[PDB]
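Residue-level structure breakdown
Here are the chains, one letter per residue:
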Amino acid sequence: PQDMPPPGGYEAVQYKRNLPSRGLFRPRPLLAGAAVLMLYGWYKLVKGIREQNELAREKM
Amino acid sequence: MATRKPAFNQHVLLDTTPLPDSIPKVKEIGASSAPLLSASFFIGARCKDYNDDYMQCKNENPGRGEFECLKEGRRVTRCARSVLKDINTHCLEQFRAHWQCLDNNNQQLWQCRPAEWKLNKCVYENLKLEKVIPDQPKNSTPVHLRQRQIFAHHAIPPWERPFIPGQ
């Protein structure tokens, strides 16, 4: 015979746009995530510099 | 000679002429930087008055403080020498531990807290000289009595405790 489609017909294939949204790129959790790192970092930086400042007192 | 920082020195000039006999002699302190630093607060504890008196003598005679403060200069050398004599007769092993750690750790006092706490305790129990730092924030533990050090290269073990006198 000849190259023919299957008797049922080939199943439908994906062609419509599929770029689904994901939570890893929504800005609201990203903004919350960035704020926490900055807040945590400044908490550690206040404690760090205050300690460093006390070390200069002892050294002097 | 001037207190300017040199940039092109290639030579050292020495003078072997001694001091005139009219000036009483004194043995210069023969301790290196790292031992002096492990013993600095101990020297401060015992000789603070003589140190202050010597500095006040110089301020009383501006431009002339090298001379006419020599007798007060001699006292400061003898008192400091008494602390390095007493420590070397009572805390030698703990003293050598702290200043050898200090010499290996960029002379950074916060890198040798376990060795410091051992010496602080031994010195206090034989010489009654205690380390004190004026005006540390009353709302925090004194930095030299803190179990953890933020800037320490190696973490302070949890079995090495600060020496707080009276406990």
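Residues numbered from 1 in each chain as written, not as in the entry; some residues may be left out. Chains lettered and ligands numbered in written order. Part of a larger assembly, values for the part shown. Heavy atoms only, no water. Residues with missing side-chain atoms left out of burial classes, pairs and counts.

- The deposited coordinates for this entry were obtained by cryo-EM, with a reported resolution of 2.44 Å.

Comments concerning the packing of aromatic side chains
Residues and elements named next belong to chain B.
- One pass over the full model with this rule turns up one aromatic pair over all chains.
- When the ring of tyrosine 124 is compared with that of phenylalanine 163, the centres are 5.6 Å apart and the planes differ by 55°; the resulting orientation is tilted. Within this pair, whereas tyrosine 124 is found in helix α5 (residues 113-127), its partner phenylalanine 163 is found in the segment after α5, the two being separated by 39 residues in sequence.
- With a relative accessible area of 27%, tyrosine 124 lands in the partly exposed category. (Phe/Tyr/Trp six-rings, centres within 6.5 Å; stacked < 30°, edge-to-face > 60°. Helix = DSSP H or I, 4+ residues; strand = E, 2+ residues; numbered from the N terminus. Buried < 20%, exposed > 50% of the residue type's maximum accessible area, 1.4 Å probe, protein only.)

Structural notes on the side chain of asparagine 105 of chain B
Residues and elements named next belong to chain B.
- Structurally, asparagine 105 is set in the loop between α4 (92-104) and α5.
- Side chain to side chain, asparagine 105 and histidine 153 meet in a polar contact 2.9 Å long.
- Among residues more than four places away in sequence, those in contact with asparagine 105 are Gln111, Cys112 and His153. (Polar contact = N/O pair within 3.5 Å; in protein donor to acceptor, adjacent residues only side chain to side chain. Contact = heavy atoms within 4.5 Å.)

Thoughts on the interface of chain A and chain B
- With eight residues of chain A at the contact, the number on the chain B side is 18 residues.
- Taken over both partners, the interface formed by chain A and chain B buries close to 1,100 Å², and the fraction arising from carbon and sulfur atoms is 63%.
- Together, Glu51, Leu55 and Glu58 of chain A form the three largest contributors to the area buried by chain A at its contact with chain B, with a combined 60%.
- A salt bridge links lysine 131 of chain B to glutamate 58 of chain A; the nearest nitrogen and oxygen atoms lie 2.8 Å apart.
- Applying the counting rule to chain A against chain B returns four residue pairs in polar contact.
- Its residues assigned to classes, the side of chain A that touches chain B comprises one nonpolar, two polar and five charged. (Buried area = accessible area lost by both parts, 1.4 Å probe. Salt bridge = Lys/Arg side-chain N within 4 Å of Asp/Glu carboxyl O. Nonpolar A, V, L, I, M, F, W, Y, C, P; charged D, E, K, R; others polar.)

Quick look at helix α1 (residues 27-59) of chain A
- The first and last C-alpha atoms of α1 of chain A sit 47 Å apart over 33 residues, in line with the 48 Å expected at 1.5 Å per residue.
- Within α1 of chain A the residues assigned to the buried category are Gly48, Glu51, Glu54, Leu55 and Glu58 of chain A.
- Against the buried residues of α1 of chain A lie α2 (40-60) and α5 of chain B. (Expected span 1.5 Å × (residues − 1).)

Details of a negative patch on the surface
All names here are of chain B.
- A surface patch of negative charge is lined by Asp49, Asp52, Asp53 and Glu60.
- Looking at the element boundaries, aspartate 52 is found in helix α2.
- Given a relative accessible area of 39%, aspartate 52 falls into the partly exposed group. (Patch = residues over 30% accessible without salt bridge, like charges linked within 9 Å, V, L, I, M, F, W, Y side chains within 5 Å. Areas by Shrake-Rupley, 256 points an atom, 1.4 Å probe, with all protein chains shown as cover. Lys, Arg positive; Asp, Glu negative; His and termini not counted. Charge placed at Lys NZ, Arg CZ, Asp CG, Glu CD.)

A word on the nonpolar core
Residues and elements named next belong to chain B.
- The biggest cluster of nonpolar side chains holds 18 residues, and the ones touching the most others in it are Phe42, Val83, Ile87, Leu119 and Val123.
- Elements represented by at least two residues in this core include exactly α2, α3 (70-90), α4 and α5.
- With five residues, α3 is the single largest residue contributor to this core.
- Sequence-distant contacts of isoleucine 87, that is, excluding residues within four places in its chain, are made with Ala39, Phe42, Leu92, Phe95, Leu119, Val123 and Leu127. (Core = buried A, V, L, I, M, F, W, Y, C linked by side-chain atoms within 4.5 Å.)

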